[PDB]
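Reproduced below: protein22.cif, with mmCIF, C-alpha atoms and all ligand atoms.
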data_upload
#
loop_
_atom_site.label_atom_id
_atom_site.label_comp_id
_atom_site.auth_asym_id
_atom_site.auth_seq_id
_atom_site.Cartn_x
_atom_site.Cartn_y
_atom_site.Cartn_z
CA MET K 1 23.65 -0.29 15.16
CA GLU K 2 22.45 3.29 14.27
CA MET K 3 21.00 2.71 10.72
CA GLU K 4 22.62 6.03 9.45
CA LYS K 5 26.08 4.44 10.09
CA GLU K 6 24.91 1.03 8.74
CA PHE K 7 23.82 3.12 5.64
CA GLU K 8 27.22 4.82 4.98
CA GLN K 9 29.02 1.43 5.59
CA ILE K 10 26.80 -0.30 2.90
CA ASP K 11 27.11 2.72 0.48
CA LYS K 12 30.93 3.00 0.85
CA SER K 13 31.21 -0.83 0.37
CA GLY K 14 28.57 -0.85 -2.45
CA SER K 15 26.91 -3.99 -0.96
CA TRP K 16 23.17 -3.07 -1.49
CA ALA K 17 22.70 -6.09 -3.87
CA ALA K 18 24.28 -8.41 -1.23
CA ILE K 19 22.07 -7.14 1.70
CA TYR K 20 18.93 -7.43 -0.54
CA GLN K 21 19.66 -11.02 -1.62
CA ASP K 22 20.16 -11.99 2.11
CA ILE K 23 16.57 -10.73 2.82
CA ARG K 24 15.23 -12.66 -0.24
CA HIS K 25 16.91 -15.86 1.14
CA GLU K 26 15.56 -15.54 4.76
CA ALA K 27 11.98 -14.43 3.76
CA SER K 28 8.96 -16.59 4.75
CA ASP K 29 7.40 -19.14 2.31
CA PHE K 30 3.74 -19.93 3.10
CA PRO K 31 1.12 -21.59 0.84
CA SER K 32 -0.99 -19.49 -1.63
CA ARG K 33 -3.32 -22.38 -2.78
CA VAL K 34 -6.52 -20.25 -3.17
CA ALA K 35 -4.66 -17.68 -5.48
CA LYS K 36 -3.59 -20.58 -7.81
CA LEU K 37 -7.12 -22.19 -8.26
CA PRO K 38 -8.08 -22.14 -11.99
CA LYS K 39 -11.35 -20.19 -11.21
CA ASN K 40 -9.08 -17.23 -10.02
CA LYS K 41 -6.71 -16.86 -13.01
CA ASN K 42 -8.32 -13.61 -14.29
CA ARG K 43 -8.25 -12.14 -10.67
CA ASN K 44 -4.39 -11.99 -10.63
CA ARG K 45 -2.38 -9.37 -12.51
CA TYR K 46 0.99 -11.24 -12.17
CA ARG K 47 1.44 -15.05 -12.07
CA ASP K 48 4.38 -14.72 -9.55
CA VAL K 49 2.63 -12.31 -7.02
CA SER K 50 0.01 -13.99 -4.81
CA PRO K 51 -1.41 -13.48 -1.29
CA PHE K 52 -0.61 -16.20 1.33
CA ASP K 53 -3.70 -18.20 2.40
CA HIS K 54 -3.20 -17.38 6.13
CA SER K 55 -3.24 -13.51 5.67
CA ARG K 56 -5.45 -13.05 2.50
CA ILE K 57 -8.49 -10.72 2.63
CA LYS K 58 -11.76 -12.62 2.09
CA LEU K 59 -14.70 -11.01 0.22
CA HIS K 60 -18.06 -11.48 2.13
CA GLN K 61 -19.78 -13.56 -0.62
CA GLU K 62 -20.50 -17.32 -0.98
CA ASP K 63 -19.84 -17.42 -4.81
CA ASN K 64 -16.05 -16.68 -4.77
CA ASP K 65 -14.35 -14.90 -1.80
CA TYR K 66 -11.00 -14.35 -3.59
CA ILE K 67 -9.11 -11.01 -4.09
CA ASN K 68 -5.34 -10.47 -4.54
CA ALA K 69 -4.93 -8.57 -1.17
CA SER K 70 -3.12 -9.26 2.18
CA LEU K 71 -3.58 -8.02 5.81
CA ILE K 72 -0.20 -6.82 7.21
CA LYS K 73 -0.71 -6.66 11.07
CA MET K 74 2.21 -4.95 12.94
CA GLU K 75 1.77 -5.96 16.64
CA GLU K 76 4.37 -3.73 18.40
CA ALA K 77 3.65 -0.64 16.19
CA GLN K 78 -0.20 -1.14 16.58
CA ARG K 79 -0.77 -0.47 12.83
CA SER K 80 -2.52 -2.62 10.17
CA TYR K 81 -2.38 -2.21 6.34
CA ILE K 82 -4.11 -3.96 3.42
CA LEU K 83 -1.66 -4.30 0.48
CA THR K 84 -3.31 -5.15 -2.90
CA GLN K 85 -2.51 -5.15 -6.67
CA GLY K 86 -3.80 -2.37 -8.94
CA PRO K 87 -7.41 -3.37 -9.83
CA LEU K 88 -8.05 -5.23 -13.15
CA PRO K 89 -11.03 -4.61 -15.46
CA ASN K 90 -12.86 -7.58 -13.92
CA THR K 91 -11.88 -6.82 -10.23
CA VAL K 92 -12.85 -3.11 -9.85
CA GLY K 93 -16.18 -4.14 -8.18
CA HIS K 94 -14.32 -6.60 -5.84
CA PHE K 95 -11.86 -3.76 -4.92
CA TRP K 96 -14.66 -1.41 -3.73
CA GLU K 97 -16.50 -4.36 -1.99
CA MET K 98 -13.28 -4.88 0.07
CA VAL K 99 -12.97 -1.15 0.97
CA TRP K 100 -16.68 -1.26 2.14
CA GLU K 101 -16.42 -4.59 4.06
CA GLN K 102 -13.08 -3.75 5.84
CA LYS K 103 -14.37 -0.24 6.92
CA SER K 104 -11.33 1.52 5.38
CA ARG K 105 -11.29 5.43 5.34
CA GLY K 106 -8.28 5.79 2.97
CA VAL K 107 -6.99 4.34 -0.37
CA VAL K 108 -3.26 5.06 -1.11
CA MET K 109 -2.31 4.80 -4.87
CA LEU K 110 1.48 4.94 -5.72
CA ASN K 111 1.31 4.41 -9.54
CA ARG K 112 -0.09 6.14 -12.66
CA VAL K 113 -2.82 4.33 -14.69
CA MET K 114 -0.34 4.33 -17.65
CA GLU K 115 3.49 4.00 -17.12
CA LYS K 116 6.19 2.95 -19.66
CA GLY K 117 3.41 3.12 -22.37
CA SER K 118 1.38 0.21 -20.84
CA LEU K 119 -1.65 0.02 -18.53
CA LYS K 120 -0.62 -0.60 -14.85
CA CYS K 121 -4.21 -0.56 -13.40
CA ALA K 122 -7.86 0.08 -14.39
CA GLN K 123 -9.38 3.61 -14.22
CA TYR K 124 -11.33 2.54 -11.07
CA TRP K 125 -12.60 5.97 -9.78
CA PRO K 126 -14.73 8.70 -11.52
CA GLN K 127 -12.95 11.69 -13.13
CA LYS K 128 -15.99 14.07 -13.19
CA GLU K 129 -18.53 14.94 -10.47
CA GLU K 130 -21.55 14.50 -12.77
CA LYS K 131 -20.41 11.07 -14.18
CA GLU K 132 -20.64 8.61 -11.25
CA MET K 133 -19.68 4.87 -11.50
CA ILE K 134 -21.96 1.91 -10.68
CA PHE K 135 -20.44 -1.60 -10.00
CA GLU K 136 -23.41 -3.89 -10.80
CA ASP K 137 -21.61 -7.16 -9.72
CA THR K 138 -21.13 -5.80 -6.06
CA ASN K 139 -24.10 -3.28 -5.85
CA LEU K 140 -21.97 -0.14 -5.11
CA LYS K 141 -22.07 3.48 -6.41
CA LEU K 142 -19.00 5.75 -6.37
CA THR K 143 -19.16 9.59 -6.87
CA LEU K 144 -16.33 12.14 -7.12
CA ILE K 145 -17.02 14.87 -4.46
CA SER K 146 -13.87 17.06 -4.79
CA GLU K 147 -10.28 16.89 -6.13
CA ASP K 148 -7.15 18.84 -4.85
CA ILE K 149 -4.24 18.61 -7.41
CA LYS K 150 -0.74 19.44 -6.01
CA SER K 151 2.74 19.26 -7.60
CA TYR K 152 3.63 15.76 -6.21
CA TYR K 153 0.19 14.25 -5.31
CA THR K 154 -3.60 14.59 -5.69
CA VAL K 155 -6.19 14.09 -2.89
CA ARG K 156 -9.78 13.18 -3.80
CA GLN K 157 -12.96 13.00 -1.70
CA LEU K 158 -15.20 10.08 -2.88
CA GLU K 159 -18.70 8.98 -1.79
CA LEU K 160 -19.23 5.19 -1.67
CA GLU K 161 -22.88 4.05 -1.43
CA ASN K 162 -23.97 0.51 -0.57
CA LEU K 163 -26.99 0.36 -2.97
CA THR K 164 -28.38 -2.59 -0.90
CA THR K 165 -28.86 -0.48 2.34
CA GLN K 166 -28.46 3.14 1.00
CA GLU K 167 -25.71 3.71 3.61
CA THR K 168 -23.10 6.26 2.33
CA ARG K 169 -19.43 6.82 3.41
CA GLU K 170 -16.70 9.40 2.54
CA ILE K 171 -13.48 7.66 1.29
CA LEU K 172 -10.23 9.70 0.89
CA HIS K 173 -8.08 8.84 -2.22
CA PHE K 174 -4.34 9.73 -1.76
CA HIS K 175 -2.64 9.55 -5.22
CA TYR K 176 1.19 9.92 -5.33
CA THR K 177 1.63 10.94 -9.03
CA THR K 178 5.44 11.57 -9.43
CA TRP K 179 7.22 8.20 -8.76
CA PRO K 180 9.52 7.93 -11.85
CA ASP K 181 8.83 5.26 -14.54
CA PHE K 182 12.41 3.81 -13.85
CA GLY K 183 14.32 3.65 -10.53
CA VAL K 184 13.38 5.49 -7.25
CA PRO K 185 13.10 9.24 -6.38
CA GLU K 186 16.45 11.08 -5.92
CA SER K 187 15.21 12.67 -2.60
CA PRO K 188 12.63 11.14 -0.19
CA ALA K 189 11.32 14.63 0.76
CA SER K 190 8.13 14.51 -1.40
CA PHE K 191 7.36 10.83 -0.44
CA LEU K 192 7.65 11.73 3.35
CA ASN K 193 5.46 14.89 2.84
CA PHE K 194 2.85 12.55 1.22
CA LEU K 195 3.10 9.96 4.09
CA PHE K 196 2.50 12.80 6.63
CA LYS K 197 -0.61 13.98 4.62
CA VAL K 198 -2.12 10.43 4.79
CA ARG K 199 -1.38 10.28 8.59
CA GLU K 200 -2.94 13.77 9.20
CA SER K 201 -6.21 12.60 7.49
CA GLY K 202 -7.00 9.86 10.11
CA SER K 203 -6.78 7.12 7.40
CA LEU K 204 -4.03 5.17 9.35
CA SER K 205 -5.66 5.49 12.79
CA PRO K 206 -7.22 2.65 14.83
CA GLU K 207 -10.73 4.16 14.81
CA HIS K 208 -10.98 3.09 11.09
CA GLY K 209 -10.48 -0.21 9.23
CA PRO K 210 -6.97 -0.67 7.71
CA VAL K 211 -5.80 1.71 4.92
CA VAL K 212 -5.83 0.04 1.44
CA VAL K 213 -2.40 0.54 -0.28
CA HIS K 214 -1.60 -0.37 -3.93
CA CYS K 215 0.79 0.11 -6.86
CA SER K 216 0.77 -2.24 -9.91
CA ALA K 217 1.73 -5.54 -8.10
CA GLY K 218 1.20 -4.22 -4.53
CA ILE K 219 4.69 -5.26 -3.21
CA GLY K 220 7.37 -2.72 -4.35
CA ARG K 221 6.32 0.96 -3.91
CA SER K 222 3.50 -0.34 -1.59
CA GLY K 223 6.16 -2.16 0.54
CA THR K 224 8.22 1.07 0.78
CA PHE K 225 5.20 3.06 2.11
CA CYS K 226 4.25 0.60 4.98
CA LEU K 227 7.94 -0.12 5.90
CA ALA K 228 8.76 3.61 6.26
CA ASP K 229 5.54 4.36 8.25
CA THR K 230 6.03 1.41 10.72
CA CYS K 231 9.81 2.13 11.26
CA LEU K 232 9.10 5.85 12.07
CA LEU K 233 6.24 4.88 14.49
CA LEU K 234 8.58 2.41 16.32
CA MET K 235 11.28 5.16 16.66
CA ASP K 236 8.56 7.37 18.39
CA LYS K 237 7.39 4.58 20.80
CA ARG K 238 10.75 3.01 21.98
CA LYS K 239 13.24 4.28 24.66
CA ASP K 240 16.18 3.73 22.22
CA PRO K 241 15.24 4.86 18.65
CA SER K 242 18.63 3.32 17.56
CA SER K 243 17.26 -0.24 18.32
CA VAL K 244 14.87 -0.07 15.24
CA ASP K 245 16.27 -2.60 12.70
CA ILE K 246 14.72 -1.91 9.23
CA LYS K 247 15.82 -5.37 7.86
CA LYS K 248 14.04 -7.14 10.79
CA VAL K 249 10.85 -5.03 10.34
CA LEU K 250 10.87 -5.92 6.56
CA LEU K 251 11.22 -9.66 7.35
CA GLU K 252 8.31 -9.41 9.86
CA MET K 253 6.14 -7.74 7.12
CA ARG K 254 7.18 -10.51 4.60
CA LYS K 255 5.47 -13.03 6.93
CA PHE K 256 2.16 -11.47 5.66
CA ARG K 257 2.81 -10.76 1.90
CA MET K 258 5.59 -12.07 -0.41
CA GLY K 259 8.18 -9.91 -2.22
CA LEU K 260 7.78 -6.57 -0.32
CA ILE K 261 10.60 -4.26 -1.65
CA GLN K 262 11.34 -5.47 -5.24
CA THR K 263 14.91 -4.11 -5.84
CA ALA K 264 18.14 -3.13 -3.96
CA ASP K 265 17.40 0.52 -5.01
CA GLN K 266 13.92 0.35 -3.26
CA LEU K 267 15.75 -1.03 -0.14
CA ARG K 268 18.26 1.91 -0.15
CA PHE K 269 15.40 4.44 -0.74
CA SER K 270 13.49 2.96 2.32
CA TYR K 271 16.62 3.50 4.53
CA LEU K 272 16.98 7.11 3.22
CA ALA K 273 13.26 7.86 3.88
CA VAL K 274 13.43 6.55 7.51
CA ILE K 275 16.76 8.39 8.23
CA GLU K 276 15.46 11.76 6.87
CA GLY K 277 12.00 11.29 8.47
CA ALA K 278 13.54 10.59 11.95
CA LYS K 279 14.90 14.21 11.94
CA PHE K 280 11.18 15.21 12.51
CA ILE K 281 10.08 12.31 14.92
CA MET K 282 13.03 13.18 17.32
CA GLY K 283 11.71 16.74 17.93
CA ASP K 284 12.45 19.00 14.95
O1 LIG X 301 -15.80 4.01 9.27
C1 LIG X 301 -15.80 4.66 8.22
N1 LIG X 301 -15.05 4.34 7.08
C2 LIG X 301 -15.27 5.31 5.99
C3 LIG X 301 -15.94 6.54 6.75
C4 LIG X 301 -16.91 7.34 5.91
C5 LIG X 301 -17.29 8.82 6.30
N2 LIG X 301 -17.02 9.25 7.69
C6 LIG X 301 -16.33 10.49 8.02
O2 LIG X 301 -15.95 11.21 7.07
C7 LIG X 301 -16.03 10.92 9.44
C8 LIG X 301 -16.85 11.83 10.13
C9 LIG X 301 -16.57 12.22 11.46
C10 LIG X 301 -15.46 11.69 12.14
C11 LIG X 301 -14.64 10.77 11.48
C12 LIG X 301 -14.92 10.39 10.15
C13 LIG X 301 -17.53 8.33 8.76
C14 LIG X 301 -16.75 7.00 9.08
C15 LIG X 301 -16.63 5.94 7.98
#
Write out the structure in this file as structure tokens.
Amino acid sequence: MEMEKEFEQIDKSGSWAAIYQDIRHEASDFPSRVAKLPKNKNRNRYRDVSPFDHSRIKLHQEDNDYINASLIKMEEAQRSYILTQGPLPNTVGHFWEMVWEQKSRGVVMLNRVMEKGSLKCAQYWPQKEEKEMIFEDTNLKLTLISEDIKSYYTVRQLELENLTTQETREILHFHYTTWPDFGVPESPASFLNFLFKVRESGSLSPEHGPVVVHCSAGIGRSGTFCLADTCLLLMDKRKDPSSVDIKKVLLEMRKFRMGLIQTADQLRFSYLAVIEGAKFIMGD
């Protein structure tokens, strides 16, 4: 069923809450035993948001390999994503270790450091060229190279150095700065413009490790970004773009990380983004 008609039918009936609860009921439940070990309590931002054991990213160290991060592998779309929480004061070194080890070219940030008057993630990148950051626990150095500030997002060029080998890499930081403190954006136009900027950079392409995507918990805004990207890629690849079922793609992605899309309003916004984005994909 053409999702644009499915959309008007749900809107006219006001059943968004009912559709959303159906997804919550059918979603996968896999063990997260490593996340719940007592040694890992200060590595989790939220007690109710944990990576499944089968899909968690492992750090390459013998001490403790744990980070709150999941590999989402989309087989038909041929895209992979790492979804993670906003870094904590004691996990900023782990965060950059993961980016290094997974060979990522792009970090996508969908939150502000402070929202609703509270801290939603650590200040984990340098704000001035001449004041670099050193992560002594993981042996990494991070330098700000350049910053491009736009009305709805900022792009930063960063240099990550493995101090152990003196190898250096250029990491692109894509920061969406205008998601409102409450609710979802009224129009998906600026979110789709942002998605297209990340794509145009190479950060989502198979020649690089998976993009790292985060918000505060790494399930709500982060879920909206990967769901919209994968649905638009499937509409490009298939003979019948009308066969793409956003609810079935979301349930496939929930096999790899719990809780993706946190509200009925985030679910409606995801439909709007895919419907408006398709009017490019189909030749405009
Ligand atoms: O695998 C990688 N992950 C982070 C990357 C760090 C910096 N690199 C580049 O900016 C680059 C140059 C030419 C062609 C394509 C990419 C090289 C590839 C590295």
Quiz prompt | At most 8 Å from ligand LIG 301 (chain X) (only C-alpha atoms and all ligand atoms): residue list as a PyMOL selection string | solution = chain K and resi 100+103-106+168-171+202+207-209
Quiz prompt | Pick from K:27, K:275, K:57, K:121, whichever lies nearest to residue 248 of chain K using all atoms listed in the file | solution = K:27
Which residues of segment 80-123 of chain K sit at most 10 Å from segment 180-192 of chain K, using all atoms listed in the file? Give each one's shortest atom pair and distance in Å (one decimal place), in chain and ascending residue order, as CSV.
residue,atom,partner,partner_atom,distance
K:110,CA,K:191,CA,9.9
K:111,CA,K:181,CA,9.1
K:112,CA,K:181,CA,9.2
K:114,CA,K:181,CA,9.7
K:115,CA,K:181,CA,6.1
K:116,CA,K:181,CA,6.2
K:117,CA,K:181,CA,9.8
Please report as a Markdown table every residue of segment 55-154 of chain K lying within 10 Å of segment 250-273 of chain K, along with the nearest atom pair and their distance in Å (one decimal), using all atoms listed in the file.
| residue | atom | partner | partner_atom | distance |
| --- | --- | --- | --- | --- |
| K:55 | CA | K:256 | CA | 5.8 |
| K:56 | CA | K:256 | CA | 8.4 |
| K:69 | CA | K:257 | CA | 8.6 |
| K:70 | CA | K:257 | CA | 6.1 |
| K:71 | CA | K:256 | CA | 6.7 |
| K:72 | CA | K:256 | CA | 5.4 |
| K:73 | CA | K:256 | CA | 7.8 |
| K:74 | CA | K:253 | CA | 7.6 |
| K:82 | CA | K:257 | CA | 9.8 |
| K:83 | CA | K:257 | CA | 8.0 |
| K:84 | CA | K:257 | CA | 9.6 |
Could you write out the selected residues, including C-alpha atoms, as a PDB file, in the frame of the given file?
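Contents of the output file selection35.pdb:
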ATOM      1  CA  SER K  55      -3.240 -13.510   5.670  1.00  0.00           C
ATOM      2  CA  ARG K  56      -5.450 -13.050   2.500  1.00  0.00           C
ATOM      3  CA  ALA K  69      -4.930  -8.570  -1.170  1.00  0.00           C
ATOM      4  CA  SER K  70      -3.120  -9.260   2.180  1.00  0.00           C
ATOM      5  CA  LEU K  71      -3.580  -8.020   5.810  1.00  0.00           C
ATOM      6  CA  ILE K  72      -0.200  -6.820   7.210  1.00  0.00           C
ATOM      7  CA  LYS K  73      -0.710  -6.660  11.070  1.00  0.00           C
ATOM      8  CA  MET K  74       2.210  -4.950  12.940  1.00  0.00           C
ATOM      9  CA  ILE K  82      -4.110  -3.960   3.420  1.00  0.00           C
ATOM     10  CA  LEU K  83      -1.660  -4.300   0.480  1.00  0.00           C
ATOM     11  CA  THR K  84      -3.310  -5.150  -2.900  1.00  0.00           C
TER      12      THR K  84
END
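You will find atom CA of residue 203 of chain K at 12.5 Å from atom CA of residue 157 of chain K.
Atom to atom, atom CA of residue 146 of chain K and atom CA of residue 131 of chain K stand 12.9 Å apart.
Using only C-alpha atoms, the shortest contact distance between residue 90 of chain K and any of K:216, K:102, K:61, K:42 is found at K:42.
Separating atom CA of residue 62 of chain K from atom CA of residue 138 of chain K is a distance of 12.6 Å.
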Give me the residues within 9 Å of segment 123-128 of chain K as an mmCIF file with C-alpha atoms, in the frame of the given file, counting only C-alpha atoms and dropping any in the same chain fewer than 3 places off.
data_model
loop_
_atom_site.group_PDB
_atom_site.id
_atom_site.type_symbol
_atom_site.label_atom_id
_atom_site.label_comp_id
_atom_site.auth_asym_id
_atom_site.auth_seq_id
_atom_site.Cartn_x
_atom_site.Cartn_y
_atom_site.Cartn_z
ATOM 1 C CA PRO K 87 -7.410 -3.370 -9.830
ATOM 2 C CA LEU K 88 -8.050 -5.230 -13.150
ATOM 3 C CA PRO K 89 -11.030 -4.610 -15.460
ATOM 4 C CA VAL K 92 -12.850 -3.110 -9.850
ATOM 5 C CA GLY K 93 -16.180 -4.140 -8.180
ATOM 6 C CA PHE K 95 -11.860 -3.760 -4.920
ATOM 7 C CA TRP K 96 -14.660 -1.410 -3.730
ATOM 8 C CA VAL K 113 -2.820 4.330 -14.690
ATOM 9 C CA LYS K 131 -20.410 11.070 -14.180
ATOM 10 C CA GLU K 132 -20.640 8.610 -11.250
ATOM 11 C CA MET K 133 -19.680 4.870 -11.500
ATOM 12 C CA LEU K 142 -19.000 5.750 -6.370
ATOM 13 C CA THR K 143 -19.160 9.590 -6.870
ATOM 14 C CA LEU K 144 -16.330 12.140 -7.120
ATOM 15 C CA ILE K 145 -17.020 14.870 -4.460
ATOM 16 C CA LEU K 158 -15.200 10.080 -2.880
#
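Taking only C-alpha atoms into account, residue 28 of chain K lies nearest to K:52 out of the set K:52, K:179, K:46, K:153.
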Exercise. Could you please give me, as a list in words, the residues of protein, DNA or RNA lying at most 12 Å from (-5.2, 16.0, -2.2) in the coordinate frame of the file, considering only C-alpha atoms?
Key: residues 106, 107, 108, 109, 146, 147, 148, 149, 150, 151, 152, 153, 154, 155, 156, 157, 158, 172, 173, 174, 175, 176, 177, 193, 194, 197, 198, 200 and 201 of chain K
Wanna dump the segment 58-122 of chain K-segment 232-244 of chain K contacts at 9 Å for me, each residue with its shortest atom pair and the distance in Å to one decimal, counting only C-alpha atoms, ordered by chain and number, as a Markdown table?
| residue | atom | partner | partner_atom | distance |
| --- | --- | --- | --- | --- |
| K:76 | CA | K:234 | CA | 7.7 |
| K:77 | CA | K:234 | CA | 5.8 |
| K:79 | CA | K:233 | CA | 9.0 |
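Proximity of K:67, K:49, K:281, K:274 to residue 3 of chain K, computed with all atoms listed in the file, is greatest for K:274.
Among the candidates K:212, K:119, K:282, K:246, the residue lying nearest to residue 1 of chain K is K:246 (atoms considered: only C-alpha atoms).
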